[PDB]
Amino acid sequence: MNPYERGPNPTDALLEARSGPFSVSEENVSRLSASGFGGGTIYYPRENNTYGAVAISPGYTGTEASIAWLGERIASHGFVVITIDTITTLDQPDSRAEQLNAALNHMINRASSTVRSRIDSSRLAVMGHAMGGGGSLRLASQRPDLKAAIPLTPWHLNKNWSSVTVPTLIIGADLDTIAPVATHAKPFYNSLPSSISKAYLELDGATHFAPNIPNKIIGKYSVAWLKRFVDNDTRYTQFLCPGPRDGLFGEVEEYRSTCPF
């Protein structure tokens, strides 16, 4: 009925497991072969089919190695995913937005036929850690056509994202001292329009490095957000609405959303 649906009916366990049901292979993108970004790695399902496609940026001073687990994990749930390196490790968020865009174009137009043939170029998403999460917000602002955006403990000097209409899940870390939720993640969420699909998920007992460490909660809700909005997979609505509990015995520090979507 939904021909974008991939993989079996989800459960909390299946979404929290280290890997989804899709076996993954990798395509290396050298710095030489990459135009407008610093290279990286494309994770893609071996099983032949078309899938949504996602570009993920690391943060300030970091490289693809700090987000690799996420590229692999998301790809194993039926997506084509590039973890990029940036032209330099010091690139600012809005430069990171340009490089994410170049990485989307690389996957669609310049990668091998194996990778290009597994991408539905009409169904794209963007994600990033810290400064790359700020890059996610900027690119979502510049490309309303993106299907989803997921800034992870994002950092950005601009606090006004009222131009974004892409379905956006922001993930904050309560103990983040680099991009404190009070001055980055939450102001971002609050400046997004009340009229779009969005969610704020704040992790309990998590620092700025949490998205760099394999994380059941990040893995679960990133994939659920991507499934719901990249694939239009309403089987995943059950995890986003009402969403993880932030109350007594709950799983998150805070969850807020514009459910129903």
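The first residue of the shown sequence is 1; numbering continues from there.
J.: Taking only the CA atoms, which stretch has the higher mean B-factor in the record, 244-252 or 10-18?
T.: Stretch with the greater average CA B-factor: 10-18.
J.: Comparing 208-216 with 29-37, which has the greater mean CA B-factor as deposited?
T.: 29-37 has the higher mean C-alpha B-factor.
J.: Looking at the C-alpha B-factor values in the deposited entry, which of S197, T50, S57, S222 comes out highest?
T.: The record points to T50.
J.: What's the residue among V181, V115, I178, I170 with the greatest CA temperature factor in the PDB record?
T.: By C-alpha B-factor in the record, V115 ranks first.
J.: Lowest, middle or highest third of the chain for the C-alpha temperature factor of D120?
T.: Tercile = highest for this residue's CA B-factor.
J.: Looking at the entry's B-factor column for C-alpha atoms only, identify whether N2 ranks in the lowest, middle or highest third of its chain.
T.: Highest third of the chain for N2's C-alpha B-factor.
J.: Among the modelled residues of its chain, does the C-alpha B-factor of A111 lie in the lowest, middle or highest third?
T.: Ranked within chain, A111 CA B lands in the highest tercile.
J.: Taking the values exactly as deposited, rank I87 by C-alpha B-factor within its chain and report the matching third: lowest, middle or highest.
T.: Its C-alpha B-factor belongs to the middle third of this chain's values.
J.: Which third, lowest, middle or highest, does the C-alpha temperature factor of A130 belong to within its own chain?
T.: Lowest third - that is where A130 ends up once the chain's C-alpha B-factors are sorted.
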